[PDB]
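Structure record follows, encoded as structure tokens.
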Amino acid sequence: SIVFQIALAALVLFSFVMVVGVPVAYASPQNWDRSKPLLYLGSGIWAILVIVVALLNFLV
Amino acid sequence: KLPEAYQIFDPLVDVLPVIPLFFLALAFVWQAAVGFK
Amino acid sequence: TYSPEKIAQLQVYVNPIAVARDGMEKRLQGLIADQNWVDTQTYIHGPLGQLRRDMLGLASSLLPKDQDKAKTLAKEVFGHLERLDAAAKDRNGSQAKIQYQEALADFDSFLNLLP
Amino acid sequence: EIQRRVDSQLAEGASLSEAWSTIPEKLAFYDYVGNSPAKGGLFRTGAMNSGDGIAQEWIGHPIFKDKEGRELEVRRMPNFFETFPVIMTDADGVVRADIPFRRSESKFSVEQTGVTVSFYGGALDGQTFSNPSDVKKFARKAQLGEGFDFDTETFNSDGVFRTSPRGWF
Amino acid sequence: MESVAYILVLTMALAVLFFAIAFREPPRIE
Amino acid sequence: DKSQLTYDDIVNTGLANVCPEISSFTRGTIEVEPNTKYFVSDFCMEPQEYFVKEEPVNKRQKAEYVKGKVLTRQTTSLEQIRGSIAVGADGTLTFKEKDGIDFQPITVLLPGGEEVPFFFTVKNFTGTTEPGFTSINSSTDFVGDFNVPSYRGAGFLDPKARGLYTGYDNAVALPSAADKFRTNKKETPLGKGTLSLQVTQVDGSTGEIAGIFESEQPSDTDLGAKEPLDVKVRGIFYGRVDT
Amino acid sequence: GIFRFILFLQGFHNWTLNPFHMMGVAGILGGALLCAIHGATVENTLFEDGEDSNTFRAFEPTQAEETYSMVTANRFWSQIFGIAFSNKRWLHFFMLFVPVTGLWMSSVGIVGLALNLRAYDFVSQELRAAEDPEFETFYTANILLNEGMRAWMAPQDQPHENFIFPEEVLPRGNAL
Amino acid sequence: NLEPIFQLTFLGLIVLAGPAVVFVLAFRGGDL
Amino acid sequence: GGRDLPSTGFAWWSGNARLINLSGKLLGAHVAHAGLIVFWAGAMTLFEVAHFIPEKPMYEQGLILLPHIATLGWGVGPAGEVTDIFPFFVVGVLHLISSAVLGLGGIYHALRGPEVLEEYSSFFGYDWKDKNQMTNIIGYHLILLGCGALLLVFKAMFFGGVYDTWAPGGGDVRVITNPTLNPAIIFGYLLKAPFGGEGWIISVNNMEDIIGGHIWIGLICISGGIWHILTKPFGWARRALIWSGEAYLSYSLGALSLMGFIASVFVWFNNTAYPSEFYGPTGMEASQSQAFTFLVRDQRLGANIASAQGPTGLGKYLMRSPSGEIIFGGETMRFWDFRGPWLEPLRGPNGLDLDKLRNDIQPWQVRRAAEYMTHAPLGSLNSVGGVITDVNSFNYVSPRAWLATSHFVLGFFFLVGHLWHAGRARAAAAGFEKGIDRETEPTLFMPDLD
Amino acid sequence: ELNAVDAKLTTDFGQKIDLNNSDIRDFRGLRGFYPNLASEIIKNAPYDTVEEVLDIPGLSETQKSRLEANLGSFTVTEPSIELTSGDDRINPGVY
Ligand code: CLA
Ligand code: CLA
Ligand code: CLA
Ligand code: CLA
Ligand code: CLA
Ligand code: CLA
Ligand SMILES: CC1=C(/C=C/C(C)=C/C=C/C(C)=C/C=C/C=C(C)/C=C/C=C(C)/C=C/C2=C(C)CCCC2(C)C)C(C)(C)CCC1
Ligand SMILES: CC1=C(/C=C/C(C)=C/C=C/C(C)=C/C=C/C=C(C)/C=C/C=C(C)/C=C/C2=C(C)CCCC2(C)C)C(C)(C)CCC1
Ligand SMILES: CCCCCCCCCCCCO[C@@H]1O[C@H](CO)[C@@H](O[C@H]2O[C@H](CO)[C@@H](O)[C@H](O)[C@H]2O)[C@H](O)[C@H]1O
Ligand SMILES: [Ca+2]
Ligand SMILES: [Ca+2]
């Protein structure tokens, strides 16, 4: 059950990272070419973390 | 009470609902950052 | 099977179930036969007003391998009770008589499941 | 002052009626709440005689006693109060009698506590009242201080207090 | 008969309202 | 008839203030044995006409009753009353009210603007017939007496907070003139009324009875402030006799 | 504490019944009305003296002309209400006059209450209610309210007096 | 108790998050 | 787009008016805001789940969201007892996560996306003056609203049922099988008076009428959606209305104000769509509960509850309504239109029945009446329950009170907003929202009034 | 002039429990009386003397012993309708 808590703590830490990062990257027209695949990868990682939290919830 | 495997995050949930209020505050901060133009 | 103590613990629910069953046999059949639909609706709402809680508490506190059958049967009495309510609101003698008979048959099938 | 004077006469050896008869009617008239200037009204016009009436005589001093012979004093009406509950306390400040509003759970009604009243000096000197109607009426009179008989028909007095020339000035 | 006095003062106020509206000093630009 | 109607059918229509009617014009009768008690199940009483005996300045003029208009609304009916009809040895039938909604306060308006409240009631009505009855039929007249309690109870407070077992016993707004009013002393005496229930319709298949009533009773005295007026009430009635 | 003083002057002085207070209420509510109506009227009869939808920057403090139309405001209130201000100086003096006169009149009433010179009662209605127990008005109901508040409030509000009022002497209606 | 410590810490993190976004955008001259 | 006063004419305190003609940033504003609504839904649900004591009644516990979910039939059983905590948690988590998606999309369109959508696509780009596109957007959103009402119907009929407080055997989650399709009943609810005893649509007292109304709403909204996709506004509509973004905003503001008032009254009076097992008793319910509680208590002491006159001469426990119905006495005479599942078994055709009051009162009716009279929607702002003269020991304000007060206030301020935006839309379309032109001042050309 | 309940307060009604006029709340001071035995006393009122409170039909032996134990706390005066009409003996408007 500790790995589910690790998954949920990872989800909220990466959620805080995305809360800091997404409006900064969207309001940076001069760093957009670097930051757009970072935003894509962050959205994918966040979605995968949410799905993993759901699956480990039904695994616990 | 939350389900048991989520109960480690009961304090965070306890501060979750007032986050929209901060949003109303945040716009003022941003206007303060630009000079209220 | 059933510890005599467990049986003693089920009485809490059985006494109102026996009261509701005997009253459904005596008052409710006469009131449906009298075409007294106002008193039929007020009977199935007032004196039967804890039938759902008491039968689901009987089914919850029963033996764990007879719970589903119990609840299942209990839910069928309720369905017959709602259909009886609708037939009494429609002033339907035959439909309310039929729903009373189905409710009685499912109540008796529920009452055969006691230890 | 009235009590000092009565107590001096009681210390000389007089009886209660003898001591209370030496109080001048003017002095007892000053000890009446209807002569206080803080009892009037802005549109209660004219003389104080248009209020309670023309004062005719001092009725004397009441002494209220319960069935167990505890002397009781009626709590006096303060200047603030248009109306006031009738409360009677003993010598050590314990409420022994009252006039109840709700008489379902009354415990200290004049009727229940057997309160009698005896008057010394004045018009009612030497008299004792035991009817609770008269005793409650004299209790309401004792609420206002010294009791006085009033002529109300000369000026058609309406029964509410006026202020004096002191208050109007 | 105090009702007569009350009706009179209320009627005087309403009549003053009528005359103050219908026969006001007209505002003029000069 | 409002026998098959539900609450939703009757609500806000005024039909809850009217007594049930014997549909069957059956001029039948209900047989009665000479020493038996028959219960009355749902006795109803619908007043229709209201009269107050006027009080003139003259002393020897004829008094006479004047019709009044009800200011209270459809809140003027007695219903759900249980009772008993006992038959004495000589066939004297005795109606005896027991309980139910056996009272309504009713305020009527007289010509001249006088509002007459009164406590319309059938409380503890005992009413006898002439002797020699073997049944209940169209000739059964229960004539008797009922109690009229005071319109205001002893817990009522007047607009100066004076009442009987609660409130002041004096006029506290007038401190030097507090005990000079006779209205300080409230009282609630028990009055008496006369009721005639004349049966005009007997349905012997179900024991139902209907007919008319004439009633006379005092009005509200307002805790003994004023003298009561005489009120005459005529209306119709229904009951169910338990054979 | 101010709220207590307010309720105290209600139950002990019937200070709502005092015409000096009623003139104060008229003055204060009228001054609030005048503030609201004058601010709204000026802000809605403004001259277009600028290009922004922000109308606040179309004013200069050194300008000589009026920033709003007195004529349009006068016509608006003459057709809506019946009368209107035609004189700006009288408008502003009235805006001074109403709440200041209200304060002065209520002060006169408070000076009256200092000596218990109250507008407590209408003696005619009291004598009628004393002799006729069917007569009830809102004034008599308010008198009963004041009686109850005095009896229930005095022992805790004036603790130096040592008012011992037993439960049976407290005035109360049925069931409360 | 440690519950109110975490509540305040989570609240303080959430409170600093918004002004942090504003501060990094103003310090680096983003599209404010 | 201008982000300052010199380039827009709008100050900072009116900044969002700088978006009126910037459709992409407007869409991002709209979508981020929806994020916020779904965020509050999810986070408030998780808060309410975390603070929930499930053996304690929801209305004791400051919950306004779990009653909404429980009325849909999730996580509850007979008498509204909480079976499982997981459906409420699921509803919270799904809203919270989705709100993250909606917030990211609003930020995009608001900060990075194209500021105007008209040069990018004709389907999504709109001009406020283009009456065909405005009605197209109305039409898409109407088909979606009708689909939502049909989703409520599907939950009640096909996927587990809704909580029926009026169910025989006691209130329970039941599946609606015979919804009221009869348009006479459904639209006669619209024709009923908004007064006592009638109650307009607040008086809907059964789940069959509710679910049948949502079948009709779904059908009406879907048909009106196609209408407005396929059609354009007619001449009377074109000549009657103001056609601008602020005008359409103000029309929505008046609509929202009306629904806010309706919602406050609905939650204050209706115990069917707002069951008292979750929301607590209504005020009428609690007053009738007190009268019933003391009728039962004094009847147990041997009082003749029908022949008992009170101090005024009216019946102390039972009296007559103005149309004659046998009702409870005292001040609750006002509340004689109240209907509840605990009370209706004691009612006959004429009103309250003497025989049922004498020998048909069950202990659960006494328990429910005591609980409802002591959970009356009376409370202080710092949540001290009961009458305001009570002392501090009962921590309770009813969810009906909170919901009703909130929505009344919201409804009032949205009427104010309607007046402000309608008036401004009219002045801006007429050209004098910025003030009176000094040369062409209209009063200077009018004749004098007198 | 006193009203009738004041004149009753002058009598032994104002000192102890009157089986013909006392409200049910006054029976709470005797142990074992409220609510059942007091209700039976009030229902079977009036009484000519105190002693015929023991002749109520349906009294149990424990109720008879309790009534015998508290016989000195009872008085009997004439039934006054001002305290008995409208079931003021059950609910006089006092809570
Ligand atoms: C300081 C001045 C003063 C004082 C203290 C008194 C005091 C007294 N006089 Mg004398 N009196 C005076 C001046 C004075 N008087 C004058 C100038 C006259 C000649 C008119 C009289 C004529 C007179 C007569 C004829 C009688 C008295 C009597 C009395 C007694 C009763 C007073 C009474 O009922 O008043 C009642 C006072 C009021 C009800 C207050 C009224 C004040 C009004 C309502 C205020 C108006 C407010 C205003 C309109 C608001 C402005 C509006 C805003 C826009 C600014 C009392 C001892 C009476 C008495 O008993 O005689 C023996 C009597 O019969 N006096
Ligand atoms: C529901 C609230 C809401 C929303 C959605 C908007 C939205 C918008 N406003 Mg308005 N505004 C609001 C409230 C709101 N406003 C209030 C309350 C005020 C008064 C103070 C204003 C005053 C105002 C002015 C004066 C102006 C706007 C403008 C704008 C638009 C451009 C914003 C911009 O350039 O920001 C740039 C700001 C930043 C880059 C700072 C960072 C902002 C981001 C969004 C922080 C988000 C944090 C969040 C936690 C991250 C989550 C990420 C992910 C996990 C979801 C935008 C569509 C502008 C406009 O009209 O454009 C033409 C403009 O000039 N607004
Ligand atoms: C429809 C809106 C609504 C309603 C009815 C409720 C109702 C409730 N909430 Mg919830 N809540 C809401 C919105 C709402 N909330 C929002 C938006 C948030 C996020 C900030 C929360 C966050 C929240 C938490 C965290 C908690 C509650 C709790 C509660 C309960 C107690 C409330 C209390 O003590 O308030 C106290 C009363 C006030 C603070 C009064 C506020 C007055 C406002 C500001 C007036 C605004 C007027 C007007 C709109 C301003 C316009 C000005 C301009 C137009 C001129 C109650 C059931 C508590 C509870 O028991 O939950 C279990 C709890 O712990 N709520
Ligand atoms: C009301 C909401 C709304 C609207 C009208 C638009 C409209 C638009 N978006 Mg935006 N968007 C939104 C929400 C919205 N978006 C959200 C929430 C996100 C975050 C996920 C985005 C992220 C986003 C990006 C990153 C981009 C756009 C782009 C566009 C433009 C092209 C659209 C397109 O290609 O459609 C055609 C696409 C489809 C028909 C397939 C999608 C169908 C949907 C997504 C499936 C079902 C919808 C939903 C799941 C149902 C439940 C929703 C729930 C709330 C009820 C168009 C102006 C593009 C743009 O700016 O162009 C220049 C672009 O690059 N959008
Ligand atoms: C919320 C969604 C919505 C919106 C924004 C609109 C908007 C519009 N509709 Mg559409 N409509 C909708 C839903 C909607 N409709 C639905 C669901 C249907 C299917 C039933 C229709 C069917 C429809 C038709 C058939 C027509 C419109 C028309 C119109 C246009 C003019 C409407 C007008 O002037 O009304 C103002 C209303 C009136 C002038 C009628 C006055 C009657 C009085 C004022 C009613 C007062 C009632 C009171 C305020 C509230 C009581 C509540 C209840 C008891 C009645 C406008 C663009 C018209 C148009 O131009 O067609 C393209 C048109 O002919 N609509
Ligand atoms: C969905 C509804 C809606 C929408 C989309 C708009 C949209 C708009 N409004 Mg309108 N408005 C609305 C409802 C709405 N309004 C309502 C209900 C009212 C009545 C109160 C108004 C009254 C109003 C006025 C008076 C004005 C606008 C204006 C505007 C424009 C600029 C708004 C802006 O930048 O705000 C900027 C936002 C702020 C400065 C912050 C607002 C602060 C409020 C008072 C907070 C309230 C407290 C809240 C309840 C939470 C409490 C927090 C507490 C704990 C601290 C914009 C087009 C302006 C306009 O005409 O432009 C053309 C304008 O002058 N609005
Ligand atoms: C534009 C703009 C604006 C606005 C903005 C907005 C409006 C926004 C938003 C946004 C949003 C709308 C967001 C969001 C979010 C969300 C999130 C981020 C989430 C999540 C999640 C999670 C992480 C969860 C977790 C959990 C779970 C899973 C369960 C258990 C519990 C917990 C909680 C742990 C402003 C005003 C500033 C101004 C400027 C411009
Ligand atoms: C769901 C449901 C239901 C149903 C309901 C329905 C069926 C409905 C409806 C609805 C509707 C059907 C509506 C409506 C409305 C309307 C309105 C609200 C309007 C209006 C108006 C206007 C807005 C107008 C205006 C104007 C004028 C006045 C003239 C000139 C022009 C103008 C435009 C300005 C029921 C109850 C059964 C039950 C519950 C649930
Ligand atoms: C254009 C209309 C504007 C309003 C003007 C109307 C009022 C003017 C006075 C004329 C009134 C005469 O009308 C009459 O008044 C008297 C006095 O109250 C009423 O009489 C009423 O009060 C008196 C005493 O208060 C009672 O004795 C009487 O029984 C009662 O009905 C009559 O019922 C009414 O018919
Ligand atoms: Ca916590
Ligand atoms: Ca007692």
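In listed order, ligands and their atoms are each counted from 1. We name chains A, B, ... by the order of the sequence lines, and we start the count at 1 in each one.
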Could you tell me which atoms of ligand 8, counted from 1 in the order shown, lie closer than 4.0 angstrom to a heavy atom of I/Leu190? 8 (C), 9 (C)
Compute the ring centroids of I/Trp268 and I/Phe408, then answer whether they are less than 6.0 Å apart. no
Check whether I/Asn271 reaches the backbone of I/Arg339 with its side chain - one donor and one acceptor, N or O, closer than 3.5 Å. yes
Nearest-neighbour protein heavy atom for atom 40 (C) of ligand 8, which is reported as residue plus atom name and distance: I/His214 CE1, 3.6 Å
Please check this pair: side chain of I/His421 against backbone of I/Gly417, looking for a donor-acceptor N/O pair closer than 3.5 Å. no
Ligand 1 contact by G/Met105, heavy-atom criterion under 4.0 angstrom: yes
Please could you name the atoms of ligand 8 that I/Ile217 approaches to less than 4.0 Å, counting only its heavy atoms? 1 (C), 6 (C), 7 (C), 8 (C)
Neighbour count >12 (heavy atoms, 6.0 Å) for atom CH2, G/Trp104: no
Would you indicate whether D/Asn156, at its atom CG, is surrounded by more than 12 heavy atoms from other residues, nucleotides or ligands within a distance under 6.0 Å? no
Heavy-atom distance from atom 13 (C) of ligand 8 to the protein below 4.0 Å? no
Go ahead and list the nitrogen or oxygen contacts between ligand 3 and the protein that come in under 3.5 Å, distances to 0.1 Å, or just say none.
residue	atom	partner	partner atom	Å
ligand 3	61 (O)	I/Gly62	O	3.4

Counting neighbours of CH2 on I/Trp420 that are heavy atoms of other residues, nucleotides or ligands and sit closer than 6.0 Å, is the number greater than 12? no
Does atom 23 (C) of ligand 8 have a protein non-hydrogen atom under 4.0 Å from it? no
For the side chain of I/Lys155 and the backbone of I/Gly161, is there at least one donor-acceptor N/O pair under 3.5 Å apart? yes
Check: D/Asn49 main-chain N/O paired with D/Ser157 side-chain donor or acceptor under 3.5 Å: yes
Heavy-atom protein contact below 4.0 Å for atom 28 (C) of ligand 8: no
Taking atom 37 (C) of ligand 8 as the reference point, the nearest protein heavy atom with its distance: I/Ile186 O, 3.7 Å
Just let me know how D/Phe169 lines up against ligand 1, side chain, backbone, both or neither, with a heavy-atom cut-off below 4.0 Å. backbone
Tell me which protein heavy atom sits closest to atom 3 (C) of ligand 8, plus the residue, atom name and distance to 0.1 Å. I/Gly213 CA, 3.7 Å
Which protein heavy atom lies closest to atom 18 (C) of ligand 8, and at what distance to 0.1 Å? I/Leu258 CD2, 4.2 Å
Return yes when atom CZ of B/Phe22 has more than 12 non-hydrogen atoms of other residues, nucleotides or ligands closer than 6.0 Å, and no otherwise. yes
Run the ring-centre check on I/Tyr279 versus I/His68 and record whether the distance is less than 6.0 Å. yes
Under 6.0 Å between ring centres, would you say that holds for B/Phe23 and I/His33? no
Taking 4.0 angstrom as the limit and counting only heavy atoms of D/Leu42, give me the atoms of ligand 1 inside it, by number and element. 38 (C), 39 (C)
Which residue and atom name correspond to the protein heavy atom nearest atom 38 (C) of ligand 8, and how close is it? I/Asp209 O, 3.8 Å
Would D/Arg44 and G/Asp121 pass as an ion pair if we require N to O under 4.0 Å? yes
Below 4.0 angstrom, counting only protein heavy atoms, does anything approach atom 32 (C) of ligand 8? no
What residues form a salt bridge (charged side-chain N to carboxylate O under 4.0 Å, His left out) with D/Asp52, not counting sequence neighbours? none
Output the list of atoms in ligand 1 that are nearer than 4.0 Å to some heavy atom of D/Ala47, sorted by atom number. 60 (O)
